[PDB]
Each structure stands twice: as C-alpha cells, then as structure tokens.
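# Observations on chain architecture
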Amino acid sequence: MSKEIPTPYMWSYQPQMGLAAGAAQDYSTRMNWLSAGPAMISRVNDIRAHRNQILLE
Amino acid sequence: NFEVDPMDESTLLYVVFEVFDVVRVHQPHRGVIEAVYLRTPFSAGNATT
Amino acid sequence: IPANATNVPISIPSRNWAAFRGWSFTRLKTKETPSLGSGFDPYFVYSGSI
Amino acid sequence: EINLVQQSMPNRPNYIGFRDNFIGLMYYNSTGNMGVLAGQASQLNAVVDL
Amino acid sequence: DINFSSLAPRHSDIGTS
C-alpha cells in the first residue's frame, strides 16, 4: 500500500458572497511525462516532498 | 519473414504487435478533465506518433 | 463568437494562478483558422495567410 | 458580327509559393502526429507536444 | 503577453577536470 504524498488541496477563493469553502488539488504541478528517466524522478519527487514541509509549517 | 500461399488477388498481411495502451483519466475539479496515454513498445514511431 | 454576436463570455474553472503573467487577445475568423489537434481539416477551404 | 464587340478583362493575379518560414510543413502541437527525439534504446520521448 | 526571453548570452585553456 502506497499513496506517496498527494498534491495539496487549496481552498477556493470565492468572491465575497458567502463563507469560504471547497478546495481542489493544484494546477501548477501537472506535467508531461514519458520523458524523464529515473535520475530526474528522484529530484522531482523530493522537490514535491520538500514543498509539503513548507506548507506544514 | 512470412511464407504465404500464392493468390491471384493483391492481399495484405495484417500483423498486430501486442502492447499496452493504458489511459489514466483524472477530473481534479468540476469541469476539468485530464487524460494521459502510455504505449511503451511503440513510442518512437510505428504508432503514428 | 457567433455571427453578429457582440459578446463572448469566458468562464475558467477555479484553479491556481501561481506564476501567472499577462493576457493577450485578438480576433480571428473561423474560415481562416484550422485546428492543430487534427491532422487534416476537411472544412478548411482557405489557403490565404493564416 | 456581334462577337466582334466582346471585351475581356485580365484574370486576377494569384501568387502561390510556400509559407513564411515553412509554417505548417511540419506537425507541431498534434498529439496524433507528435514528433520524437528520444534515446535510441530508451524509448522515452523527450519531445512532448501539447 | 507576447514577449518572454530569458535565454541570451551572459558570457590548455582549462582549470581542473
């Protein structure tokens, strides 16, 4: 069983009318692949890992 | 190489090269759809791409 | 933009705007613009400047 | 004697030729006719057209 | 926008290798 570290949810900025709610995973993280060999994967998914640390502080 | 019986009509030889052809479909938000296709033994030609 | 329409609204679903830059826009004509997703366009009957 | 009074105008000019830098003579941005630059024995396409 | 460029020259004939 593995799930890694998922893409982080970010709450919608919804205008002024109502109260803040709802969220969705990012759109500044999705990529073309079938291009990056296994050396670059390690970098890619420890850059992602590092990002989660930033958010959790 | 193949050996086929002679036949008076022009004929074709259809060779299926069996691979994987998996698609992954994600909708990450309302009205957003994303799809990514993998085909692995043919990716550098003989696949139209 | 339909023919004789004076408004075209755009709605973009809620998503991140991280590292966004400007916008640009211009108007084209349907008969003069082929699609690049297709290999052939049977409805593209124009050979002028694109 | 009524075909002595016919008149004729020149045809339109119409210059064909190719395009500005040969645009549209290669497939870019087609996901069905996607180009390839890849290692010989890797089969990981380092060109992904969108 | 239209513009966007960030590739331009920033420039025994060797040190160590």
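Thresholds applied
Residues numbered from 1 in each chain as written, not as in the entry; some residues may be left out. Chains lettered and ligands numbered in written order. Part of a larger assembly, values for the part shown. Heavy atoms only, no water. Helix = DSSP H or I, 4+ residues; strand = E, 2+ residues; numbered from the N terminus. Buried < 20%, exposed > 50% of the residue type's maximum accessible area, 1.4 Å probe, protein only. Contact = heavy atoms within 4.5 Å. Rg over C-alpha atoms; globule rule 2.2 N^0.38 Å. Areas by Shrake-Rupley, 256 points an atom, 1.4 Å probe, with all protein chains shown as cover. Salt bridge = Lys/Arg side-chain N within 4 Å of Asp/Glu carboxyl O. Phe/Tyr/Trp six-rings, centres within 6.5 Å; stacked < 30°, edge-to-face > 60°. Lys NZ or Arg CZ within 6 Å of the ring centre and 35° of its normal. Buried area = accessible area lost by both parts, 1.4 Å probe. Polar contact = N/O pair within 3.5 Å; in protein donor to acceptor, adjacent residues only side chain to side chain. Nonpolar A, V, L, I, M, F, W, Y, C, P; charged D, E, K, R; others polar.

- If you check the header, you'll see the entry was determined by cryo-EM and the resolution is listed as 3.07 Å.

- The name given to chain D in the PDB entry is Hexon protein, with the source organism recorded as Chimpanzee adenovirus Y25.

- Named according to the PDB entry, chain B is Hexon protein originating from Chimpanzee adenovirus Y25.

### A few points about the overall build of chain B
- Helix and strand content of chain B: zero helices and two strands.
- The C-alpha extent of chain B, read off along each of the three principal axes, is 60 × 20 × 15 Å.
- A burial count over chain B gives 10% of its 49 residues as buried.
- Across chain B, contacts joining residues at least 24 apart in sequence account for 3% of those joining residues at least 6 apart.

### Observations concerning the overall build of chain D
- The helix and strand tally for chain D stands at zero helices and zero strands.
- Relative to a compact globule of 50 residues, whose C-alpha radius of gyration would be 10 Å, chain D shows 25 Å and is clearly more extended.
- Each principal axis of the C-alpha distribution contributes one length, and for chain D these read about 80 × 20 × 20 Å.
- Accessible surface, chain D: about 5,000 Å² in total, of which carbon and sulfur atoms supply 56%.

### Points about the pattern of salt bridges
Residues and elements named next belong to chain A.
- With the rule as written, the count across this model stands at five salt bridges over all chains.
- Two residues, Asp-26 and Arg-51, come together in a salt bridge whose shortest N-O distance is 3.1 Å. Of the two residues, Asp-26 is situated in the loop between β2 (23-25) and α1 (38-55) and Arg-51 in helix α1; the sequence distance between them amounts to 25 residues.
- When its relative accessible area of 2% is taken as the criterion, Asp-26 is described as buried.

### Concerning the packing of aromatic side chains
- A full pass over the atoms with the stated rule returns five aromatic pairs over all chains.
- Ring-pair connections join several aromatic residues into one group, and the members of that group are C:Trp17, C:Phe20 and C:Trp23.
- The residue whose ring lies beneath C:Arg15 is A:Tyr27, and the NZ or CZ to ring-centre distance is 4.4 Å.
- Directly above the ring of E:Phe4 sits C:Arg21, whose terminal nitrogen or CZ lies 4.6 Å from the centroid.

### Let's talk about the interface of chain D and chain B
- Contacts between the two partners involve seven residues from chain D, matched on the other side by six residues from chain B.
- For the pairing of chain D and chain B, the buried interface totals around 520 Å² over both sides, and the portion due to carbon and sulfur atoms is 52%.
- The largest per-residue losses of area from chain D upon contact with chain B belong to D:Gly32, D:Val36 and D:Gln43, which jointly make up 66% of the total buried on that side.
- Joining chain D to chain B, the criterion identifies zero salt bridges.
- The interface formed by chain D and chain B contains zero residue pairs in polar contact.
- A breakdown of the residues in the side of chain D that touches chain B according to their chemical character gives two nonpolar, five polar and no charged.

### Examining the interface of chain C and chain E
- The interface is formed by four residues belonging to chain C together with four residues belonging to chain E.
- The largest contributions to the chain C side of the interface with chain E come from C:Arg21, C:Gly22 and C:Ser24, which together make up 94% of the buried area.
- One can count one salt bridge joining chain C with chain E.
- The shortest N-O distance in the salt bridge between E:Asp1 and C:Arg21 comes to 3.7 Å.
- Split by residue class, the side of chain C that touches chain E holds one nonpolar, two polar and one charged.

### Quick notes on the environment of D:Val48
- Using a relative accessible area of 27% as the deciding quantity, one classes D:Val48 as partly exposed.
- Separated by 47 residues in sequence, D:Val48 and D:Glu1 have C-alpha atoms that sit 70 Å apart.
- Those residues in contact with D:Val48 that lie beyond four places of it in its chain are A:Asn32, A:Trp33, A:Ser35 and D:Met34.

### Considerations on unusual backbone geometry
- The backbone phi angle of C:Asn4 is positive, close to 85°, even though this residue is not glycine.
- Phi angles above zero are rare outside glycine, and D:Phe22 is one such case at about 85°.

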